[PDB]
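Just the one chain here, laid out as structure tokens, in the form deposited in one PDB entry.
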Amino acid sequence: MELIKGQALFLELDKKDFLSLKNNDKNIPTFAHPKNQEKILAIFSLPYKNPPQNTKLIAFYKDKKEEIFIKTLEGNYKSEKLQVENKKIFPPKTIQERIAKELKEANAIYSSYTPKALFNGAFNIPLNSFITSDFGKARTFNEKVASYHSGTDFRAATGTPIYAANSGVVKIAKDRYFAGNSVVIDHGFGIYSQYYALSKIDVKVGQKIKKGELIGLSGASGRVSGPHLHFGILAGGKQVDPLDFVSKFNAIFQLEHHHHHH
């Protein structure tokens, strides 16, 4: 199999006598295929940054082992040059404790696995065909610093209402240093959706949220300048192309075949 770096893949395996799916030492959790009761699923994701050239997974069954080979593809990522506030790439030493704190909090959330579906059918995606910066765009900040885009940016006037892409539990709902007013929702199965750069936050941590419920208003408080929604997905432990992820998830989990938007 082949997978573009920075993308997720839904792996389908026989359910009968299955024990474990392992990358190297890492256990990859599995969950029931929602339509085919002879199959189970796992989410496998490749990092955008420094991915392996090839991956070998092993599925352990009671009486056999199966090897799954995945070759990393480079894809067709583009690039942009951006001017940002200097503080966003050179934070003063005195604020780096706050950044380190917010990193530890985020890591605790993403390393906590919810072994049940909190979502409800397909993810909604924004009704918006003006992507100002796609996932994985290579970036040069202020002519000298490099990065890559870890989510997808949609042109939106400040104050555009933002609705949860699916049901789940809110895990983050505050201003964070780099990407501003931020909401993160746990959907179960290690799937998290992210909404950054907001001007207003209308949810609170621990709140159960339904698909299509208002979580805030779009803003211009993010790392990059300009009014936009930053939308992200973390799945399989990695930031992945969120529009691509939603397309693959929805093909499996949608309850109706119609168009999925709020």
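Residue indices: 1-based, along the sequence shown. Residues that one form lacks are left out of the comparison. For clarity, a rigid core is taken as the largest C-alpha set superposing within 1.5 Å between two forms.
Same protein, other form: the form deposited in another entry, not shown, and the subject of what follows.
If you line up the core, which of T114, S79, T158, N120 has a CA that moves 2 Å or more between the shown form and the other one? After core superposition, the single residue displaced by 2 Å or more is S79.
Cα of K88 displaced 2 Å or more between the shown form and the other one, core superposed? Yes: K88 shifts by at least 2 Å between the shown form and the other one.
Answer yes if the Cα of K211 shifts by 2 angstroms or more between the shown form and the other one on a rigid-core superposition, and no otherwise. No, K211 moves less than 2 Å.
Superpose the two forms on their rigid core, then report whether the C-alpha of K171 is displaced by 2 angstroms or more between the shown form and the other one. After core superposition, the C-alpha of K171 moves less than 2 Å between the shown form and the other one.
Check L127 against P161 at the C-alpha atoms and report closer or farther in that other deposited form, compared with the shown form; the change is 3 Å or more. Closer: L127 and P161 approach by 3 Å or more in that other deposited form.
Assuming the CA distance changes by 3 angstroms or more, are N128 and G212 closer together or farther apart in that other deposited form compared with the shown structure? Here the pair is farther apart than in that other deposited form; there, closer.
Once the rigid core is fitted, tell me which blocks of three or more consecutive residues have Cα atoms all displaced by 2 Å or more between the shown form and the other one. Runs shifting 2 Å or more: 79-91, 126-130, 139-146, 221-225, 256-262.
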